[PDB]
Structure formats: structure tokens, C-alpha cells
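Chain residues, written in single-letter form:
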Amino acid sequence: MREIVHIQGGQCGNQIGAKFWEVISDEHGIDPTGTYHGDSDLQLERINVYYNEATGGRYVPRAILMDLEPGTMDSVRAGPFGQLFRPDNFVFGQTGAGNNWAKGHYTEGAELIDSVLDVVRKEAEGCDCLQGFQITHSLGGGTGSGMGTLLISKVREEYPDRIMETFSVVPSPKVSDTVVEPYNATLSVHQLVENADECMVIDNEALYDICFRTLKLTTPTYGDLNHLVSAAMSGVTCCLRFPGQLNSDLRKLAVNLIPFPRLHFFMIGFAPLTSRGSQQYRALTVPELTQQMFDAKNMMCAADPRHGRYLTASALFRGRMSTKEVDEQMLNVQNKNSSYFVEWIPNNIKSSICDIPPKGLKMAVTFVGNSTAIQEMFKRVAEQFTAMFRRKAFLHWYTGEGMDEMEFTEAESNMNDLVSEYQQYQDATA
Amino acid sequence: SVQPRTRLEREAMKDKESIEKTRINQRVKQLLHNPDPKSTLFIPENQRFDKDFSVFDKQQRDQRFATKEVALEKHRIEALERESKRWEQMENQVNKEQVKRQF
Amino acid sequence: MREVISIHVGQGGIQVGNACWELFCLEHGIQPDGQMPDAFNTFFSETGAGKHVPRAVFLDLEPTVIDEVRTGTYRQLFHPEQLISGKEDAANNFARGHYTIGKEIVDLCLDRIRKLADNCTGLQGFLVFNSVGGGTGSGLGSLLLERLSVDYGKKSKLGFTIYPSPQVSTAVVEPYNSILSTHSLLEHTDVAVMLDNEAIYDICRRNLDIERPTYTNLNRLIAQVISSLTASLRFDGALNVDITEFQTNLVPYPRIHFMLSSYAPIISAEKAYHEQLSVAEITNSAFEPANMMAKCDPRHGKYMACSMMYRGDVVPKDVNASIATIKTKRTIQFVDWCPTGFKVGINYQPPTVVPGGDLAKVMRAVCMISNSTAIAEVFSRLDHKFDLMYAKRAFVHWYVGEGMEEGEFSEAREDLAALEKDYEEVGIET
Amino acid sequence: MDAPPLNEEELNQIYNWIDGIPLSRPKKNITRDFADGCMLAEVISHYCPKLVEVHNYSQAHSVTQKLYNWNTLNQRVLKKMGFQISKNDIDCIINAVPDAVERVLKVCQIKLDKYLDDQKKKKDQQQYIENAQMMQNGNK
Ligand SMILES: Nc1nc2c(ncn2[C@@H]2O[C@H](COP(=O)(O)OP(=O)(O)OP(=O)(O)O)[C@@H](O)[C@H]2O)c(=O)[nH]1
Ligand SMILES: Nc1nc2c(ncn2[C@@H]2O[C@H](COP(=O)(O)OP(=O)(O)O)[C@@H](O)[C@H]2O)c(=O)[nH]1
Ligand SMILES: [Mg+2]
């Protein structure tokens, strides 16, 4: 019951899913052949959340994979746990977008999306009670940031009451791999605010910083960043698949973390994270988890959370632990940092406990906090956008496929209005 | 109780320079899911599913109390041992005085 | 020929119902399978040959807790189709569980209530348990109380609500639905007992000497209080008290029926037997402000009426000799228009111990239910918390979009202001 | 409340005013004897017995209980007299900082006299209205 379907688009989203599904399968004891080989009874009670049942007793994820080029899905199939995905759900084009948002949203993405919407509708109509959808995509690419966001609007138009999740990677100015990143980032943020019920920003720069400083491993690769993102993704829905002292589905988090409908851009972090050589030194206790949870360097975004004030915060503890300690520590982390918490909403931290810890760990915490410090990312994105747009650089590529500069002006104005009205509440006082 | 043996046992000291001699003689990371067996963090996969802080805490609490109880009996016994020696020594002193007088 | 029906709604309600139903089964000698290997009739019913069925119903929209109940050791006890379960949780939204999804479930619950009531011949009244700071709990409790008040009329209903702590909180939006539910049950419930978690945490820490308590330890104390309250209906006693003999002794006026409880003694077996536990010392401990079961200071207000239950080998003359001592003390003062304020009950059955629990076995115990003027502080602080966020209309869109009108928030505020004015008007001397 | 330091004449007036009040305990050191807030509650109760429940203020040596007594007095009593003590001034009083209590006593004296005058005017006005209504009902 109350299950969700997985939809991913683009190369970055496909690579994120290729590790997210591996993590989920390892958590539930599903072999790469789809056969259950788990140890505990609880591993099968709520498997309908992510997995479907077919004849022969094997399980198949309800994931939908879409891209405008076939290479990435032809590569993910040969990887481990690549056989679980149903071949029918693979939809792809023969041309690609070339990191051009217009091509992936107006000319090419519009004709292809009917086929993927057909299978999306097939998956949603069938399921017992829908909880919602979760979306993984990147804002630094053309086909992803175009087709995914248009699909968001199409899904929202047909299921207005369901919940919608988006895990979005925004292009940081530090590690830049594409010159046309500001254009399709700014165009995508315009559409994303209007339809997504929840959005979670993730930055490659913050992932590299975490890998270099906390884990202290010499050579980070995309596999480590994907693993961290996958652990963070799994931590959110853990209590929906396992029993606990205070169950809290996604809708309950939506109620408690979004004060106003347009303020739904969160930054997350996962604890504990320790190096291989120091994993024996540390002792896992609730104070040790909560001190690392609120650490500024532990956030999955380069945004500095002590440059603003938290509107609200959430924590999803895992493992068996006493609730009194959790509540007193949450109170203590809020009394010692009163300057960084907005004062006109008292008791702005939500907590939840799940009795099933991750495989290999005795305690774990997932942190989701809505803070005013996120304005800095939109500020720098808009700064680069307005630095590049004033000369109409690279504009002809977009304008040759039916798009105009008016949609750029409206997007810039709406993004600046969002930036302004997000900080409006930072200076608000009672 | 500071203590030394007889003169013969030390046998190093009659104008020793051995001590001087000794100085001359010297001239996609996967560590999250794979914490070390030694570490506190590692909970066995088989035991991953006991879900009750209640029962577990009660057994743990009982054990934490018991160590303190044995420790208390032992430290008190040490206290008793210094005092016993002093009581014995005073009694011994009287016996000894008595012994020399009889000699 | 005397019966009572207990209603459990929400996660907290079900988790305290489990706690009370181990205790009752243990106290009446019934095995977890429901089979005995004439006092049971108050809580149970005979099936003709063999097992006993509790006169209780479990309600929740979120299926996890009920599924946990239906697989534990008590799977054989409860009737299979009185554990009403939903599919979609209200997610801490009060408007959801009062207007959207609770209405489709409330009819089945009312049918079950009728089917249980037709069996009873001497129905004393109803008991209801619900944690107030949640969507489904508060909303469904309000709706059930409103339906029962008109279906049955003058039958007595008792509410063991758990209000949020002064500063410790698990959610961020619980003041809104707490205020709305207080509005709903102000004019619909005959008795309401205060049960916030912080006071019971302090009790456990100070007396039971547990530094890491969980919810089960709290629920066991609540279950003991319930058993002490209802012992007089199913055991022989020198001075009996019935449920219907409350509004004539503790409720001076129809509006004022919120009172706070206390229990004594609370002590562990490691140091219980070193002291004699006389009746005087336990009745002194029960009146200590630090042993209140709700985090309120009785020294800040007058007393109106005290109803306090004994059980064990206590003799009435020793009770009178201790009531005199309390009347003597200068730190406890009663209201002017109440010369005598004590109602005393004496029962012979000593409290029963649950194996593996915290409390030890004792021959004397005291449970007090006291109505005092100092309770207005919790209303004032909840009102202050509510006003801070209602000034900017925060989180209101999550309620307006679930069918509730805009003006519904204001009238709850007006009723709380009226209640606070009434409490001040009553406490002044003539 | 940034009140100027009191001169010696004003200090003597405050001490003579406080000595004119039959308090439950003999005064030896005003700065220490008022640090628990109990004596200020008694001082206000002498003039306004319905305004102050003196039994809510227990004698206190601990900072926590002194702070509870002062916060309770400030919110329930002083606020009704149309003034409040700042947290910093409460912290100075509980620590027996010189001149801290004397400044608060001066402000309390002035606010008490004003409060008593305003209560008298309300009674005189209410008595006038009641007398005027009785004269209209005698004609009916
Ligand atoms: N005393 C006690 N309080 C509890 C317990 N569980 C939850 N609560 C309280 O309940 C409040 C929230 O309501 P819940 O009972 O957890 O959830 P609910 O009533 O089912 O409402 P939903 O969130 O819509 O499911 C929290 O603030 C807790 O303080 C418990 O086991 N014992
Ligand atoms: N975490 C992670 N990020 C990736 C990976 N591959 C690419 N990216 C990011 O995705 C961005 C490029 O997106 P792109 O591949 O053009 O998306 P597309 O246009 O939808 O195919 C780069 O800035 C990378 O930082 C990966 O394997 N893991
Ligand atoms: Mg719930």
C-alpha cells in the first residue's frame, strides 16, 4: 500500500538510479536475478512499495527509464543489477538534444513523450493506493532538464492530488562541465517551482568536498557520489517500508516542512560518515549523530547554512534508540543555536524514529532542512545567466527551434522574484 | 607499602658505572556499509532485526548495575586490607616488645 | 452487569491501548491467546465456551501499527474485524481526518460501536485515547465524539488526551490541530485528563532511575493509572466509586472539566523494600508538584476538588489522618467556596505487576485525579504558540485546501480566550 | 530598564518606605533579602493584596528558583501595574549587584502609587454611575 513509482531521465538521473536500485535491492536481499535470499521476515512485508510481482516468483522494479539517446541505457543494462529493469520500460530516441533545452522540450521531447507517458499511465493506474512519484534528473543537461520538467507538468495535470518528489542536481559554478549550463538551469527552475511538491538540490561540488574532507579518500569517482546520493534517497522513505515508533510518510513531511506553497527547496545530508581508518575509533551515539547532522560541511549543497536562518528542519533517525534522548538532543541543538532559527515559528524541528537500521550500520540519520541560505545558489545562477544573456551569446541555438527571448525574460523575472520572496521571510520579525 | 629486599639481591651498586655504560650502550566508496568488525558501529546482519529498545535496555541495565556491585565489594576489601595491617602491626609491636624483654 | 468500552485512535492511542491490554489480561489471569488456563465482565465478554473478547476497538488510517498488532502474540485475542484500518494517512493534517478521509471510515467504526453496545446491558460509559498532536488522532477523535454525543446522548465519555510538552515537540504544526481538537472536545467530552510526555519523562528519570526511556515505559505508567481508576468497578472495596459519580464531585461547572493526575508510589525493586511505604508518605508524595503527571505547577493556582483512589490494605482512619495533615499545610490552599474538596475511594486489590517491567510489587498505592485552577498556563502557552504562526498565516494553505474554511481558526481562538477568562473568573474569592 | 543611579537622598527615601511596611522577616541587607523576589511580592501585597498571591513565591537560594519567582512576578503582577523588569535587570538582582534592587524598588514605588490612584478613580466613577442609576429607577 501507499507505494510510489520511479521515473528517471537523462544520463545523470540514469546513473543515480543505477545505484539507488542496487542499494534498495541489497537492503531487501534481492539478488541481481530477482530472487529473494533475505534473512528477516520484515524484508518482505512491505516489498510492494518499490517492487512488482511476476510469475515465477521474481520481482521487478516499477521504474521508467527515458533518454533522448540510447547509449546510457544500453550501458546501464550491462552493469550489476541491470537485468531487474523490465525491457518494455526502456524508451529512447535516435537523435538526442545536445544539451539544448529547446530541443529537449519543444521539438524532440514533445513527440517522444507520448510513449513514455503511456507506460507511466499504465504503471500508475494499476497500483493499489498511489502515494506519489519521485523524479531524478539533472539541471545541467538539455534533454534531462527539458523532458523531465515537461513530464512533471504533464503528470501534475493528471494527478493533482498526489505528491511529487524531484531530486535535482543544479550546475555549480566551481565544477563546470558545460558552457550552456546557466540557460537550461534558469529555464528549468522556472517550470520546476510551479509543479513540484518537493525539490531537493544536490551539487557535485559539495559531494567532492565531503568525499575529500570527511571520508578522506584519495580518488573520488562518480560511484561514490552516486552511493552517497543513493543512501540519502533511501533514508527518506525508510519508515514507510519498516515499522517504527513514529511512522511518517512523505505527505507528513510535506505538511510539516513547507510553510508556504512556493518554498519547497530543501538541502539534505546524511550521517554518520567516517573514514575507513577511523571507523573503529568512533562510538555511535545520538549526540555523535546529531552533532554531525547539523554540521555545515555535511550538507549535500555548497550553500552555507550559517549564512541564514532555518525556517524548519526534519530528522529521520534509524535503529533502535530511546525517544527521550532524541527529543532532549533536538531541544539542545535548538537552544544553543537560537540565532540561526527563525523566531516567529516555535518548535520548528521534526523528528521520527525507525527501528530498522541500514545494513551494516547500527544507527543512521537523514536530515532535511528548509533554510533561507539556499538563496545564494539562485543568486549566482542568475548572475551567470544575466552575464551571458546581455550579449545574446549562444541564443541563436535556442531561438532557431521556436523559442524566443520573451520566455527568457519571464524566466529571469520569476526566478528573481522567487529569490526576493524567499529572503523576505528571513528579515521578517514578530 | 614501599618495599625492598636484602642488600645481596640488588647486587649492582659497589661503585657501579654500569649505569654510565648503559647510556654508552644506547649510542561509490562503500565504507558506510562496511564498518570494521572491531568498531562499535558494526551490528550483525542476523541481529539487524531485534526491534525492541525495551527488552534490550532492561538486560543491558541489569548488566550495567552488576559490574558496579562487584567493584564495590572489591574496593572495600582493599580498604579493609590497609587497616587490617595497621591493627596487626600495633598488636605485633606489643608482642615484639614483649619478645625482646623475654629474650 | 457493568460494562465499559474503550476507543483507541491514532498511533499513540493504539500504542497505549496495547499497554493497557497486556495489563488487564495479566490482572484477570487471561492468557495472551484469550483462554483461561466474575470480575472479567467489565472489560471482556464471554463467547459461550473458552476465549474472551475485549470490549475495545482500534482505529487508524495508517496500516503499519495495526499490521504489527495483527502479527504479534495478541493476534488471537482481538476480533479480526474490529481493527479498522485505512489506506492513506492524514499526515498530521487535521482537516484531512475531519473532512476528507475520516468520513468514509467513521461509518464502519459507528457500526462496530453499535454492535458492541447491543451486547452490553449495564453500559457505564465510554473511554477514548488519542494523541492530540496528530492529524488522524485529533480529527477522528473529534468526529467520533461528535457522532456519539448525538447517537447516545447522556452516556458518559472520558478522554485521556496527550497534549504536547511546553518546549519539547516532535512535530512543528501540532499547536494548530491541538487548538482545533480542544475546541472540538470542549463542548463534547465529559472528562479530559492531561498527559503530556515531558512530566512523565521527568518522573521516570527521577524515580525509576531510567536515563534512556522509550514510549513503552510511559505507556505502562498510563496503563497503571487507568487500572487504578477502573479497579473499583471489578473488585470488592470498603468505599466504592463509580464512573457516573464524577461530574457530581469533580466538575463544578459544565465548561471546566480539564484536570491533571498523579500516581504514587513509583519505585524500583532495587530500593523499594528498604522503606515501609506507609499511607502517609505515599499520600504526601502524590501531592508533590514534581510528581504531577502533566507539566504544570499546582503551586501557581488554587485547587477546586480532589478525587483520589487508594488500593491495597489501607484503613480509612489512616486516610483521614493524612487528609488532615494535607489540609494543615500552608503551601496547598483550596478555593474559598469549597470547604471540603476530597473524595476518597478505598479498594482491596493491590496493584498487579507486569513481568519485565519497571515498577515493583507493593501492597499500597494511591492515584489522585485533581481539578485545579493552575491548568490555564498550558492553554496560555499553546495560545501564544498558535498566535505566532497564525499572524503570518503560515501552514494555512495545507488546511484550506482540504475543505476547511478560513474562519474556522478564529473561533477556536475565541473559545480558548473564553475558557481562559472563565478560569480567571472562577478562581477569585467572594 | 536603564534607570540612572539613585542619589543618597533617594536611597534613604526607598529604605524608609520599605521599613514602614510590616514584612514577614526583618531586613538585614536589602540587596540580598530582595534577590529571591519574595520580599517584593510581600511589599506589593501590603498595598494590593488581590493583585499578588504571595504563596506562589517560595524563598530561594538557587538561581533557577529566584529566576522563576522574578519571571512570575514580572508577568503576573508588574505587567498589570503597567511596567516590566528586563531580563538583564533580573539577572543583576538575583546576583545581588549593588543598586540593581534599589532602582527596581524606586520604579515599583512610583508605579504602585499611580496604580492605587487609578483604582480609586475607577471606584469613585463606578459609585457615581451606580448612584445615578438608582435615582432613575426611583422615578420609574
Ligand atoms: N505518550 C505517548 N505519546 C505519543 C506516542 N506516540 C506518539 N505520541 C505523540 O503523538 C503526537 C503525534 O501524533 P501521533 O499519535 O504520533 O500520530 P497520529 O495521532 O496517528 O496522527 P498522524 O500523524 O496523522 O498519523 C506526537 O507529538 C507524540 O508526542 C506514544 O507512544 N506515547
Ligand atoms: N553524480 C553523478 N553526476 C553525473 C554523472 N555523470 C554526469 N554527471 C553530472 O551531469 C552533468 C551533465 O549532465 P548531462 O549528462 O549532460 O545530462 P543529460 O543532458 O540529460 O544527458 C555534469 O555536470 C555532471 O556533473 C554521474 O555518473 N554521477
Ligand atoms: Mg500515524
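Residues numbered from 1 in each chain as written, not as in the entry; some residues may be left out. Chains lettered and ligands numbered in written order. Part of a larger assembly, values for the part shown. Heavy atoms only, no water.

The deposited coordinates derive from cryo-EM, with the record listing a resolution of 3.7 Å.

**A short note on the nonpolar core**
Residue and element names in this part refer to chain C. Selection rule: We call a set of buried residues a nonpolar core when its members are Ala, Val, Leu, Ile, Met, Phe, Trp, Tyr or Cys and they connect through side-chain atoms within 4.5 Å of each other. Only protein chains enter the area calculation, which uses a 1.4 Å probe; residues under 20% of their type maximum are buried, those over 50% are exposed, and those in between are partly exposed. Only DSSP runs of H or I with at least four residues qualify as helices, and only runs of E with at least two residues qualify as strands; both kinds are numbered from the N terminus onward. Only heavy atoms enter the contact rule, under which two residues are in contact if any of them lie within 4.5 Å.
Residues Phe258, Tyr399 and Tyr423 are the most contacted members of the largest nonpolar core, which totals 155 residues. Per-element accounting of this core gives the leading share, seven residues, to helix α4 (residues 103-117). Residue contacts for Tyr399: discarding those within four places in its chain leaves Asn92, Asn93, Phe94, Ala95, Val173, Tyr176, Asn177, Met404 and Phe409.

**A few points about the sheet that holds strand β4 (residues 63-67) of chain A**
All names here are of chain A. Basically, it comes down to this: Only when DSSP finds a minimum of two bridges between them are two strands counted as paired. Angles shown run from 0 to 180 degrees and are taken between the N-to-C directions of axes, each axis being a line fitted to C-alpha atoms and, for helices, limited to the stretch in contact.
Pairing is mixed across the open sheet formed by ten strands, whose spatial order is β5-β4-β1-β6-β7-β8-β9-β12-β10-β11. Among the strands making up the open sheet, the edge pair consists of β5 (90-92) and β11 (349-354). Within the sheet, the average angular offset between the axes of one strand and its neighbour, ignoring direction, is 20°. Note: strand β10 (residues 310-318) against β11, six bridges, orientation parallel. Bridge pairing links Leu316 to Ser352 in β11.

**Re the site of ligand 1**
How we decide: What makes a residue near a molecule or strand is one non-hydrogen atom of that residue sitting within 4 Å of it. Two N or O atoms form a polar contact when they lie within 3.5 Å of each other; inside protein one atom must be a possible hydrogen donor and the other a possible acceptor, and for residues adjacent in sequence the pair counts only when both atoms belong to side chains. Working definition of accessibility: Shrake-Rupley area with a 1.4 Å probe, residue cover restricted to the visible protein chains.
Neighbouring ligand 1 are 19 residues, the closest being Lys252 of chain A together with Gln15, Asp89, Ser131 and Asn197 of chain C. The residues that come close to ligand 1 belong to more than one chain, namely chains A and C. Between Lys252 of chain A and ligand 1, the recorded distance is 2.6 Å, taken from a side-chain N or O atom to an oxygen atom. Contacts to ligand 1 include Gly135 of chain C, whose backbone N or O atom sits 3.4 Å from an oxygen atom. Here ligand 1 has 630 Å² of accessible area as a free molecule, and 94% of this is covered by the chains.

**Let's talk about the UniProt feature "binding site: GTP" in chain A**
All names here are of chain A. The following threshold applies: UniProt positions are given in the numbering used here, feature names are shortened, and annotations may be inferred rather than shown by experiment.
When the UniProt feature table is mapped to this numbering, "binding site: GTP" covers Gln11, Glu69, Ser138, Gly142, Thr143, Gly144, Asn204 and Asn226. With the annotated positions falling across 216 residues, the maximum pairwise C-alpha distance of 23.2 Å shows that they are not confined to a single cluster. Within the secondary structure, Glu69 is located in the loop between β4 and α3 (71-76). Take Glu69: its relative accessible area is 28%, and that puts it in the partly exposed class. Note on placement: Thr143 falls in helix α5 (residues 142-158).

**Points about helix α13 (residues 375-389) of chain A**
Residue and element names in this part refer to chain A. The following threshold applies: Residue count minus one, scaled by 1.5 Å, sets the expected span of a helix. The directions considered for the arc run from the helix axis to the C-beta atoms.
With 15 residues, α13 ought to run about 21 Å at 1.5 Å a step, and its terminal C-alpha atoms sit 21 Å apart, in line with that. Looking only at α13, the buried set comprises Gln375, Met377, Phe378, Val381, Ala382, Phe385 and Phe389. The buried residues of α13 all sit within an arc of 155° when viewed along its axis, so they share a single face. Looking at the buried side of α13, the elements it contacts are α6 (181-195), β9 (265-271), α14 (395-399) and α15 (405-424).

**Observations concerning the UniProt feature "binding site: Mg(2+)" in chain C**
The feature "binding site: Mg(2+)", as given by UniProt, occupies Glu62 of chain C in the numbering adopted here. By the secondary structure assignment, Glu62 of chain C is in the loop between β4 (56-60) and α2 (64-69). Sequence-distant contacts of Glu62 of chain C, that is, excluding residues within four places in its chain, are made with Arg2 and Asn247 of chain A together with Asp89 of chain C. Separated by 3.1 Å, the side chains of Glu62 of chain C and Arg2 of chain A make a polar contact.

**Let's talk about the UniProt feature "binding site: GTP" in chain C**
Residues annotated by UniProt as "binding site: GTP" correspond here to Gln11, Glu62, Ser131, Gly135, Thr136, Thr170, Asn197 and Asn219 of chain C. With respect to the helices, strands and loops of the structure, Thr136 of chain C is situated in helix α5 (residues 135-151). Residue class for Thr136 of chain C comes out buried when judged on its relative accessible area of 10%. Those residues in contact with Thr136 of chain C that lie beyond four places of it in its chain are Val9, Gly10, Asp60, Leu61, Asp89, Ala90 and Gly141 of chain C. By the secondary structure assignment, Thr170 of chain C is in the loop between β7 (156-162) and α6 (174-186). If near-sequence neighbours (up to four positions away) are discounted, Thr170 of chain C is found in contact with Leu246, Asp327, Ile349, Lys350 and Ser351 of chain A together with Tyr215 of chain C.

**A closer look at the domain arrangement of chain A**
Residues and elements named next belong to chain A. Just so we agree on the cut-off: Start and end positions for the domains come from either an automated domain assignment or a database one. Here the quantity called buried area is the total loss of accessible area, with a 1.4 Å probe, experienced by two parts when brought into contact, counted for both. We count a salt bridge whenever a side-chain nitrogen from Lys or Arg sits within 4 Å of a carboxyl oxygen from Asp or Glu. Residues are grouped as follows: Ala, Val, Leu, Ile, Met, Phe, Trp, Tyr, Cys and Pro are nonpolar; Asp, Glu, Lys and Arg are charged; every other residue, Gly included, is polar.
In terms of domains, chain A is made up of domain 1 (3-256) and domain 2 (265-374). The distance between the C-alpha centroids of domain 1 and domain 2 comes to 24 Å. Residue-level contacts link 33 residues of domain 1 with 26 residues of domain 2. When the buried surface of domain 1 facing domain 2 is broken down by residue, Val201, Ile210 and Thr214 rank first, second and third, together holding 15% of it. For the interface between domain 1 and domain 2, the tally reads one salt bridge. The salt bridge partner of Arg318 is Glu27, with a shortest N-O separation of 4.0 Å. The interface formed by domain 1 and domain 2 includes six residue pairs in polar contact. Secondary structure elements with two or more residues in the side of domain 1 that touches domain 2: α1 (10-28), α6, β8 (198-202), α7 (204-215), α8 (222-236), α9 (238-241) and α10 (250-257). Taken together, the residues of the side of domain 1 that touches domain 2 sort by class into 20 nonpolar, six polar and seven charged.

**Details of the packing of aromatic side chains**
Here the distance between the centres and the angle between the planes together describe a pair of aromatic rings. Going by this rule: Working definition: rings of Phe, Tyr and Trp (its six-membered ring) pair if their centres are within 6.5 Å, and the pair is stacked with planes under 30 degrees apart, edge-to-face with planes over 60 apart, and tilted otherwise. Placement of a charge over a ring requires the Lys NZ or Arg CZ to be within 6 Å of the ring centre, with the centre-to-atom vector within 35 degrees of the ring normal.
Applying the stated criterion across every chain, the model contains 43 aromatic pairs over all chains. Aromatic side chains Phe85 of chain A and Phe90 of chain A sit 6.5 Å apart centroid to centroid with 45° between the ring planes, which places their arrangement in the tilted category. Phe90 of chain A carries the same exposure label as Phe85 of chain A, and that label is buried. Ring geometry for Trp21 of chain C versus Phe24 of chain C: centroids 5.3 Å apart, planes at 90°, classification edge-to-face. Of the two residues, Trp21 of chain C and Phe24 of chain C are both situated in helix α1 (residues 10-27); the distance of three residues between them amounts to about one turn of the helix. Across the pair, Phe24 of chain C and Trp21 of chain C agree in class, each one buried. Put simply, the rings of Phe20, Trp21, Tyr50, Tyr51, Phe85 and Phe90 of chain A touch in pairs and so form one group of aromatic residues. Here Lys392 of chain A stacks its cationic end above the ring of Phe389 of chain A, 5.8 Å away from the centre of that ring.

**Describing the interface of chain D and chain C**
Contacts between the two partners involve six residues from chain D, matched on the other side by seven residues from chain C. Between chain D and chain C, a total of about 600 Å² is buried, with carbon and sulfur atoms accounting for 33% of that surface. Of all residues in chain D, the largest losses of buried area upon contact with chain C belong to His55, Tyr68 and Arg76 of chain D, amounting jointly to 70% of the total for that side. At the junction of chain D and chain C, the tally comes to one salt bridge. Linking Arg76 of chain D and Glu377 of chain C is a salt bridge whose minimum nitrogen-to-oxygen distance equals 2.6 Å. Our count for the contact surface shared by chain D and chain C stands at five residue pairs in polar contact. Looking at the side of chain D that touches chain C, its residues break down into one nonpolar, three polar and two charged.

**Some words on the domain arrangement of chain C**
All names here are of chain C. When its domains are assigned, chain C resolves into domain 1 (3-258) and domain 2 (259-377). For domain 1 and domain 2, the distance between their C-alpha centroids amounts to 23 Å. Contacts between the two partners involve 42 residues from domain 1 and, on the opposite side, 37 residues from domain 2. Taking both sides of the interface into account, the surface hidden between domain 1 and domain 2 amounts to around 3900 Å²; carbon and sulfur atoms contribute 65%. When the area that domain 1 buries against domain 2 is broken down by residue, the three leading residues are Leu208, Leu239 and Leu250, summing to 15%. Here domain 1 and domain 2 share three salt bridges between them. For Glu27, the salt bridge goes to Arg311, with nearest N and O atoms at 3.5 Å. On inspection of domain 1 and its partner domain 2, the count reaches twelve residue pairs in polar contact. Breaking the side of domain 1 that touches domain 2 down by element, the ones donating at least two residues are α1, β8 (191-194), α7 (197-208) and α8 (215-230).

**A look at the site of ligand 2**
All names here are of chain A. Taken together, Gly10, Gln11, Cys12, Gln15, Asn99, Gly141, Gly142, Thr143, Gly144, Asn204, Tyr222 and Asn226 make up the full set of residues adjacent to ligand 2. At a separation of 3.2 Å, an oxygen atom of ligand 2 approaches a polar backbone atom of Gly144. Side-chain polar atom of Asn204 to an oxygen atom of ligand 2: 2.7 Å apart, as the coordinates give it. Burial of ligand 2 by the surrounding chains reaches 86%, relative to a free accessible area of 590 Å². Of all the secondary structure elements, the ones that give two or more residues to the shell around ligand 2 are α1, α5 and α8. No other element matches the four residues that α1 contributes to the shell around ligand 2.

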